[PDB]
Every structure is written in structure tokens, then in C-alpha cells.
Amino acid sequence: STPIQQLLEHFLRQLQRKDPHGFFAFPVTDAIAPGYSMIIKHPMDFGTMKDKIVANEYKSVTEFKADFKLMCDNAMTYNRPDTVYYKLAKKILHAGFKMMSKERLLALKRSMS
Ligand SMILES: Cc1cc(-c2ccc(C(N)=O)cc2)cn(C)c1=O
């Protein structure tokens, strides 16, 4: 493993802890959610993110954050606001962007000196 892969795996593990039922663990299929592919053109999930860390597909934390935001935005686009999926996506997006905030990333960058 590389230092970037270890940092991204840490962020991913802490994010997955916020989803204990594993609603974001695997891609959303049309069988579980009718007409999903008709609405969501750029799907994302924690598993695909985990595969991208392992394959070393992320060049920066910004790219990782963009995939995390895409996953949450997709759930908020497809699901109505009073649903379990929309509420969880909104909660985790907020929590994730605090964890990987510019403030927290600057403190980590300063500790790499
Ligand atoms: C619409 C939607 C459905 C799901 C979902 C994932 C797994 C399962 C299951 N129990 O197998 C059921 C529902 C997840 N997400 C993120 C969504 O937007």
C-alpha cells in the first residue's frame, strides 16, 4: 500500500461507519430501485470507491471527495426528502465534508512537513 491509499482507506472506513445498514455499500440496481438507471447517469457507491483506492485510481483527496459527493447527490436526486436514503445521504455528506474539510486537510498537510 501507498501513503495516499492508507489515508483514503481511513477516510472511507470512517464514512462507512456512518452507514451501519450498508445502504451505500454496493451499486443501486434497477431491481431494488425501479427506474434508477433512467434517472441516475453517474452512479457511485462505497464498494466502487474501495475498488478505486485499491486500484490507485485517486490522484487526490479532492477526487475521492467528488465521488463521495456524487454518491450522496445521487441518493438525494432519486429519493424523496422524507425517505431513509435521502436523509442518510444528507447526514453522511455533511459529516464527510467536515471530516475531509480544507481546515482538516491543511492540518494534515502541515504535519507532512
Ligand atoms: C433507492 C436506493 C436503494 C438502496 C438500497 C440498497 C440495498 C438494499 C438491500 N437491502 O439490498 C435496499 C436498498 C440504496 N440507495 C443508496 C438508494 O438510493
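Numbers here are sequence positions counted from 1. Just follow the structure's listing: the first ligand is 1, and inside any ligand the first atom is 1. Any value given below was found using the heavy atoms of this structure, including those in side chains, with hydrogens, waters and symmetry copies removed.
Residue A33 has at least one heavy-atom neighbour below 4.0 Å for each of these atoms of ligand 1: 1 (C). The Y78 neighbourhood of ligand 1 comprises atoms 1 (C), with distances under 4.0 Å to a heavy atom of that residue. Short contacts between ligand 1 and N79, defined as distances under 4.0 Å to a heavy atom of the residue, involve ligand atoms 1 (C), 17 (C), 18 (O). Close approach of ligand 1 to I32 is summarised as follows: ligand atoms under 4.0 Å from at least one heavy atom of the residue are 5 (C), 6 (C), 7 (C).
When each of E103, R110, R104 is checked for a side-chain contact (heavy atoms from CB on, under 4.5 Å) with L106, only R110 meets the rule. No option in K91, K90, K98 other than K98 meets the side-chain contact (heavy atoms from CB on, under 4.5 Å) test with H94.
Protein non-hydrogen atoms do reach within 4.0 Å of atom 5 (C) of ligand 1. The protein reaches atom 18 (O) of ligand 1 closely, with a heavy atom under 4.0 angstrom from it. Under the 4.0 angstrom criterion, atom 11 (O) of ligand 1 counts as lacking any protein heavy-atom contact.
Although no hydrogens or angles enter the test, the distance criterion places a donor-acceptor pair under 3.5 Å between the side chain of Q5 and the main chain of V54. Within the 3.5 Å criterion, the main-chain N or O of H42 finds a donor-acceptor partner in the side chain of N74.
Contact check for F68 versus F97: side-chain heavy atoms found under the 4.5 Å cut-off. Counting heavy atoms from C-beta on, the side chains of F24 and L88 come closer than 4.5 Å.
Between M44 and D67 the shortest heavy-atom distance is CG-O, 3.3 Å.
Residue, atom and distance of the protein heavy atom nearest to atom 15 (N) of ligand 1 are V28 CG2, 3.6 Å.
Of the candidates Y85, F24, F23, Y85 brings a heavy atom nearest to atom 13 (C) of ligand 1.
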